[PDB]
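First comes the structure, then the notes that go with it.
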Amino acid sequence: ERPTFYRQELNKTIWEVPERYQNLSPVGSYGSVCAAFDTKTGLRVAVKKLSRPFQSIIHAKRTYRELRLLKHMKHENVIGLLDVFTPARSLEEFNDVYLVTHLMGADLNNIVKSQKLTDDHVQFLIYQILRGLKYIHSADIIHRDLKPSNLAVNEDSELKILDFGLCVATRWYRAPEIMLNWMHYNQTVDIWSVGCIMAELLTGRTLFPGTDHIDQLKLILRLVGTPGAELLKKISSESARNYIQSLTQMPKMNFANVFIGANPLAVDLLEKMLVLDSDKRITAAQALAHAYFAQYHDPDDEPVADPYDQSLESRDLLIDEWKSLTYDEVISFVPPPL
Ligand SMILES: Cc1cccc(-n2nc(C(C)(C)C)cc2NC(=O)Nc2cccc(Nc3ncnc4ccc(N)cc34)c2)c1
Ligand SMILES: CCCCCCCCO[C@@H]1O[C@H](CO)[C@@H](O)[C@H](O)[C@H]1O
Ligand SMILES: CCCCCCCCO[C@@H]1O[C@H](CO)[C@@H](O)[C@H](O)[C@H]1O
């Protein structure tokens, strides 16, 4: 029942895939992606060939982690795994991993650049991000790079969260605590990102268009206000505190005056996302129950992740141990229903 593989060279990369996958066409290059046609199903898929997956410890772990994660992501608003394969017949020759998903077209960036969004459109797009994030966050995973170009939006405005490689600067959507190199992060960093995206769908422009992380920080403080005493004290570096203290003391802007033409409920939600203290930001679960989404909110259809443990950053293993765990997951993979 092993499929028949065929070999092919594209952009100085060898691709060896099952014959069911035809018309491979490179769309991006750590892992490179081909648009392809699944002859079995008639569907357009993306095939990602991971770059040298077991050639560094960092790669081996990431490889295992992406596979184990995606094997368990089964949600309307999160990318799912259609297939996973390797040309290896044994663990001893296992050097390559390929992941297959539905092929995405436009991202959220294509939307906001192509049109001005009505409030209902903003509602549906943001609701779907939060529903997916609720699910991702429940598995104890942080996305860390939630931005419009990582958000696929199909022709009927169905949104999926994924990692789009480099197929819009990341720093525009980054919580301030990441750019301050805070060692430990809340999932709340992603909610900061949603606030930035939501603002941009309401106004049509990047909320905080920093040219670098210092500019980025200045722009942030201009809107939310410079931190108070207790926030300041959580910043352990005196030089960092001194630089922050040295900035002209910015008052907190009134979001209702800033976003003057927006739904007052969108503005209220915005205020709850873009709070400086990460402990005080609304959660995705809480956000979903916000009155802004009363049109789309259904507490019986906002599910959470299955019970598999996906908390792996803490885990230290040997390079060949990550490969063998990865091999087990490839072998035990069972393709989803239609
Ligand atoms: C540990 C780890 C490492 C790297 C990525 C992830 N990760 N995390 C996620 C979340 C569930 C947290 C959102 C998703 C990923 N990975 C992911 O999205 N992988 C993936 C797998 C197969 C294909 C693609 N990319 C394309 N797919 C579908 N059409 C395309 C159309 C054009 C292009 N250029 C790319 C594609 C992307 C996790
Ligand atoms: C968390 C600690 C934050 C402190 C970072 C302070 C770095 C900002 O100081 C720097 O000022 C330079 C002037 O010489 C400018 O080129 C830049 O705007 C800025 O990066
Ligand atoms: C330039 C000034 C920016 C202020 C940054 C404050 C960010 C506050 O968010 C902080 O996040 C940390 C990481 O999750 C948590 O440990 C802290 O308890 C929380 O207060």
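Residues in the structure tokens are numbered from 1 in each chain, the chains being A, B, ... in the order shown, and ligands are numbered from 1 in the order shown.
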Quick one: residues within 12 Å of residue 267 of chain A, only C-alpha atoms, excluding same-chain residues fewer than 6 positions away - as a ChimeraX atom specification?
/A:119,195,198-199,202-203,254-261,273-274,290-292
Got a sec to tell me which of segment 55-246 of chain A DSSP assigns to alpha helix (DSSP H), as a count of residues only?
88
For segment 13-27 of chain A, work out the shell of residues within 6 Å, counting only C-alpha atoms and skipping chain neighbours fewer than 5 positions away, then give it as a PDB file with N, CA and C atoms, in the first residue's frame.
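selection.pdb written:
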```pdb
ATOM      1  N   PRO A   3       2.491   4.046  -1.832  1.00  0.00           N
ATOM      2  CA  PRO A   3       2.272   4.593  -3.171  1.00  0.00           C
ATOM      3  C   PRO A   3       3.554   4.541  -4.001  1.00  0.00           C
ATOM      4  N   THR A   4       3.423   4.726  -5.315  1.00  0.00           N
ATOM      5  CA  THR A   4       4.553   4.893  -6.234  1.00  0.00           C
ATOM      6  C   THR A   4       4.976   6.361  -6.306  1.00  0.00           C
ATOM      7  N   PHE A   5       6.249   6.613  -6.034  1.00  0.00           N
ATOM      8  CA  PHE A   5       6.803   7.960  -6.016  1.00  0.00           C
ATOM      9  C   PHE A   5       7.458   8.271  -7.356  1.00  0.00           C
ATOM     10  N   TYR A   6       7.433   9.533  -7.769  1.00  0.00           N
ATOM     11  CA  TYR A   6       8.231   9.960  -8.898  1.00  0.00           C
ATOM     12  C   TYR A   6       9.096  11.153  -8.509  1.00  0.00           C
ATOM     13  N   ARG A   7      10.210  11.302  -9.217  1.00  0.00           N
ATOM     14  CA  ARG A   7      11.228  12.244  -8.831  1.00  0.00           C
ATOM     15  C   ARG A   7      11.290  13.368  -9.848  1.00  0.00           C
ATOM     16  N   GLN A   8      11.742  14.538  -9.408  1.00  0.00           N
ATOM     17  CA  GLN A   8      11.643  15.726 -10.224  1.00  0.00           C
ATOM     18  C   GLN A   8      12.530  16.803  -9.606  1.00  0.00           C
ATOM     19  N   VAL A  33       7.460  25.312  -1.056  1.00  0.00           N
ATOM     20  CA  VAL A  33       6.089  24.918  -1.340  1.00  0.00           C
ATOM     21  C   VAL A  33       5.807  24.879  -2.847  1.00  0.00           C
ATOM     22  N   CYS A  34       5.073  23.849  -3.259  1.00  0.00           N
ATOM     23  CA  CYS A  34       4.547  23.758  -4.593  1.00  0.00           C
ATOM     24  C   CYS A  34       3.031  23.712  -4.551  1.00  0.00           C
ATOM     25  N   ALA A  35       2.392  24.500  -5.410  1.00  0.00           N
ATOM     26  CA  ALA A  35       0.995  24.264  -5.738  1.00  0.00           C
ATOM     27  C   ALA A  35       0.978  22.944  -6.538  1.00  0.00           C
ATOM     28  N   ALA A  36      -0.013  22.093  -6.285  1.00  0.00           N
ATOM     29  CA  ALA A  36      -0.146  20.830  -7.014  1.00  0.00           C
ATOM     30  C   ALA A  36      -1.610  20.433  -7.199  1.00  0.00           C
ATOM     31  N   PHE A  37      -1.837  19.352  -7.931  1.00  0.00           N
ATOM     32  CA  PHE A  37      -3.192  18.855  -8.186  1.00  0.00           C
ATOM     33  C   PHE A  37      -3.248  17.445  -7.638  1.00  0.00           C
ATOM     34  N   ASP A  38      -4.185  17.218  -6.720  1.00  0.00           N
ATOM     35  CA  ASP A  38      -4.405  15.896  -6.172  1.00  0.00           C
ATOM     36  C   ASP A  38      -5.360  15.116  -7.099  1.00  0.00           C
ATOM     37  N   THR A  39      -4.808  14.201  -7.905  1.00  0.00           N
ATOM     38  CA  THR A  39      -5.634  13.486  -8.882  1.00  0.00           C
ATOM     39  C   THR A  39      -6.699  12.634  -8.202  1.00  0.00           C
TER      40      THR A  39
END
```
Would you list the contacts of segment 210-222 of chain A as a PDB file with C-alpha atoms, in the first residue's frame, taking every protein, DNA or RNA residue within 7 Å and counting only C-alpha atoms, but skipping same-chain residues closer than 5 positions in sequence?
```pdb
ATOM      1  CA  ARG A 171       6.841  44.105  13.667  1.00  0.00           C
ATOM      2  CA  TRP A 172       3.626  46.095  12.964  1.00  0.00           C
ATOM      3  CA  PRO A 176       5.513  45.471  22.763  1.00  0.00           C
ATOM      4  CA  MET A 179      10.173  43.662  21.072  1.00  0.00           C
ATOM      5  CA  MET A 250       2.235  60.325  26.466  1.00  0.00           C
TER       6      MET A 250
END
```
Within 7 Å of ligand 3, counting only C-alpha atoms and all ligand atoms, residues as a CSV table (one decimal) with C-alpha atoms, in the first residue's frame:
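For reference, pocket.csv as written:
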```csv
chain,number,residue,atom,x,y,z
A,176,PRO,CA,5.5,45.5,22.8
A,177,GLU,CA,6.8,42.8,25.3
A,182,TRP,CA,10.5,39.6,27.7
A,184,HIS,CA,8.2,34.4,29.0
A,185,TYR,CA,5.1,35.1,26.9
A,186,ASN,CA,1.4,35.1,27.3
A,217,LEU,CA,7.5,51.1,20.4
A,221,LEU,CA,3.0,54.3,23.4
A,226,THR,CA,3.4,55.5,28.5
A,227,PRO,CA,3.4,52.8,31.2
A,231,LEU,CA,4.3,48.3,34.6
A,234,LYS,CA,8.3,44.9,35.8
A,244,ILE,CA,11.3,54.6,28.4
A,276,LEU,CA,-0.2,47.4,27.6
A,277,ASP,CA,-0.3,45.0,30.5
A,278,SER,CA,-0.6,41.6,28.9
A,279,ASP,CA,-2.4,40.2,32.0
```
Do you know which residues are at most 12 Å from residue 94 of chain A counting only C-alpha atoms, after dropping those on the same chain fewer than 3 positions away, and could you put them as a PyMOL selection string?
chain A and resi 52-55+60+85-91+97-98+320+322-328+330-331
Written file, previous selection with C-alpha atoms, as a PDB file, in the first residue's frame:
```pdb
ATOM      1  CA  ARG A  52      16.836  19.617   5.757  1.00  0.00           C
ATOM      2  CA  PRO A  53      14.502  18.545   8.561  1.00  0.00           C
ATOM      3  CA  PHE A  54      16.924  16.369  10.577  1.00  0.00           C
ATOM      4  CA  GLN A  55      20.194  18.200   9.897  1.00  0.00           C
ATOM      5  CA  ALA A  60      14.551  18.117  14.030  1.00  0.00           C
ATOM      6  CA  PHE A  85       4.649  11.568   3.305  1.00  0.00           C
ATOM      7  CA  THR A  86       8.272  10.608   3.038  1.00  0.00           C
ATOM      8  CA  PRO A  87      10.017   8.611   0.244  1.00  0.00           C
ATOM      9  CA  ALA A  88      11.824   6.580   2.967  1.00  0.00           C
ATOM     10  CA  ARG A  89      10.948   2.942   3.415  1.00  0.00           C
ATOM     11  CA  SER A  90      12.696   2.885   6.801  1.00  0.00           C
ATOM     12  CA  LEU A  91      13.771   5.094   9.670  1.00  0.00           C
ATOM     13  CA  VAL A  97       9.238  15.177   5.137  1.00  0.00           C
ATOM     14  CA  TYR A  98       6.463  16.616   2.978  1.00  0.00           C
ATOM     15  CA  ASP A 320      17.846  11.213  16.333  1.00  0.00           C
ATOM     16  CA  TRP A 322      13.222  13.860  17.421  1.00  0.00           C
ATOM     17  CA  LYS A 323      13.577  12.082  14.028  1.00  0.00           C
ATOM     18  CA  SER A 324      12.239   8.776  15.341  1.00  0.00           C
ATOM     19  CA  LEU A 325       9.298  10.431  17.088  1.00  0.00           C
ATOM     20  CA  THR A 326       8.679  12.235  13.762  1.00  0.00           C
ATOM     21  CA  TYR A 327       8.792   8.956  11.879  1.00  0.00           C
ATOM     22  CA  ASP A 328       6.218   7.405  14.238  1.00  0.00           C
ATOM     23  CA  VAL A 330       4.292   9.969   9.762  1.00  0.00           C
ATOM     24  CA  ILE A 331       3.552   6.236  10.030  1.00  0.00           C
TER      25      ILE A 331
END
```
